[PDB]
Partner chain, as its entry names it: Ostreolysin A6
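There is one chain below, alone, in structure tokens, taken in the form solved without the partner chain.
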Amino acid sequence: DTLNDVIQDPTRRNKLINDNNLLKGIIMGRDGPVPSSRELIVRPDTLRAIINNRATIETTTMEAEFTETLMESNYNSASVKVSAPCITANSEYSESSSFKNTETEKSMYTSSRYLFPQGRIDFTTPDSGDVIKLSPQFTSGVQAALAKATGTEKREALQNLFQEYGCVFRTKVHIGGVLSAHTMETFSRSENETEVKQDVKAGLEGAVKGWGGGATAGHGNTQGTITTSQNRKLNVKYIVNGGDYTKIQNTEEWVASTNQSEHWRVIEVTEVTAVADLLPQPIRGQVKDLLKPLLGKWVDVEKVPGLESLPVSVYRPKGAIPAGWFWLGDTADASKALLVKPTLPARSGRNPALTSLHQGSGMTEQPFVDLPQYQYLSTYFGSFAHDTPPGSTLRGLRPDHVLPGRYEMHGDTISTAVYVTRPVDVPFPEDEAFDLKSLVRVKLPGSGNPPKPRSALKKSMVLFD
């Protein structure tokens, strides 16, 4: 009946907590977001709730790759944001993804959800408050991991802990029923981004409005095609959550079932908190430091010879590179270069932080990532070979490690012109990036060259001292 009653009655409420896995952390993987089999927090006898019967249509637009299953799970932008690094790191990479970001093309996900809510449930973060308590078993696993003797053993234990419990926990969820449509769009960079985003959003919102309004043929989960006002053909995935699915073929009956508590499910993930952030200091900081996939070391550099025609000097770390450490590309930094070292051992099924590189088969001397979808920061000034220094110690990066950078172009002629990559200079960045002055050649000879880097390394991924 009413949501307020549910929270009161322990049996109605526990069915709500259990059927929706509200105590479970979320595991990100190749198939998407999966509830842990273990409970992460202590079960409360009552839930913080905010009543809302107001049906609305919301729309989320997303340019971040690897987030499609989260979009289909009705995560909002903020929830996708927090969850992005985890799912990116745990995704199954491939060279043949329909999602494509190139020099000419750009892709994005758009999801529209017709909500039929009953309210929103919030789990208070430690800053009370109603405050949640981490499970004794979980906080035990943490203590045990931190009690290990060597760094690797500590980190390896933390990974198992998080692989088991999950990387994020849903701290705010809406419940009820939902009819949602999800699509991906790939478009030329020569198009107006605003126009494409509004055009897709309008077409997708119109589709779900007709669905939940009862003006279109009723239907459950299925795939289809819609056409925008600008004649864009979109492949759409329709998803239903909550309510009685046996009644979905008749939309209005479906909507009526939304008022039945037995059929309420999560219809939107509104806020997500990284599990580690549920920890009190200084345990929180110890874990997060250990979780960092790379160690960092600033070393001196040396100018590269053969680059007198170039508008700037090119620098590489001064040999010899300490064994087990790697560099990330030619820089214009004459003072220091960053070396990195992976903190986690390579294991089958695990996406390593770094990838080695190999020279292209075509008419190019530029490196290509061995591992699909991995990224590097600089063009290679010279001829790359994986078996010869310094290319032998050069490494690419797992996609979660990088953000888009920005070019500062130098040169009086294109053929010698270079881009110097800086962190993006938006005033309030969510993820802070290293300034590495990664060097990118403006025009490369000749086609067969890999896509041009414009990336910056996240500081949150590198552990110092």
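Numbering follows the first chain given and starts at 1.
A second form of this protein, the form deposited with the partner chain bound, is not displayed here; the remarks below concern that form.
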{"query": "The partner chain in the deposited complex: contacted by all of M409, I414 and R441, heavy atom 4.5 Å", "finding": "yes"}
{"query": "Selected contact from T393, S313, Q373, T364, since only one has a non-hydrogen atom within 4.5 angstroms of the partner chain in the deposited complex", "finding": "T364"}
{"query": "The partner chain in the deposited complex: contacting segment from 285-293, 355-363, 315-323, 272-280, heavy atom within 4.5 Å", "finding": "355-363"}
{"query": "Partner contact for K452 in the deposited complex: the partner chain, 4.5 angstroms, heavy atom", "finding": "yes"}
{"query": "Partner proximity in the deposited complex: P10 to the partner chain, non-hydrogen atom cutoff 4.5 Å", "finding": "no"}
